[PDB]
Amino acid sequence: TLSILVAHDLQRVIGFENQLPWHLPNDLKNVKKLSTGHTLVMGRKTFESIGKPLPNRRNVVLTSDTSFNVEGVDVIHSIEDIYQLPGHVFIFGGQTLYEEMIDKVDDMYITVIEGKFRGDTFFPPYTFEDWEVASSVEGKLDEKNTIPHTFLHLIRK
């Protein structure tokens, strides 16, 4: 399976200044559970802002950097190398990845952040007429999770 995993806001903001604009541990928990024991594919900037691979799953970084050789990370230099990755593969971002991959994925796991944030990076426009809602679960608003959010699993129609 080839999936997208993204958190985006009402205006499809995904990032600001190489960081996430909001702080939503529920969504981190959702990522962890969904991708633990599987593969995350991310662009180099996303990797460099995380700072280290996420534990208990294969971390794959896409970069044109021929000197890239990070401990605990696998590197690919071409989009086409994604299709050779075995198992359940999640396109983990950021913007360039989502743009290159939106038309190829089976499937998208989207956390809709029900707010409008200052952003400099975006999820591409998509229509609910190409995508069927397999599940829509309202996130629990919280002490520690203070923005309304909805977990979507969408499957290509």
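Numbers for residues come from their place in the sequence shown, where the first is 1.
- Checked against the record, the higher mean CA B factor of 90 to 98 and 24 to 32 lies with 24 to 32.
- Stretches compared: 121 to 129, 107 to 115. Higher mean C-alpha B-factor in the entry: 121 to 129.
- The top Cα temperature factor in the record, among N18, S136, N145, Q11, falls on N145.
- Ranked against the other modelled residues of its chain, the C-alpha B-factor of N69 as given in the entry falls in the highest third.
- Among the modelled residues of its chain, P53 has a C-alpha B-factor that falls in the highest third, as given in the PDB entry.
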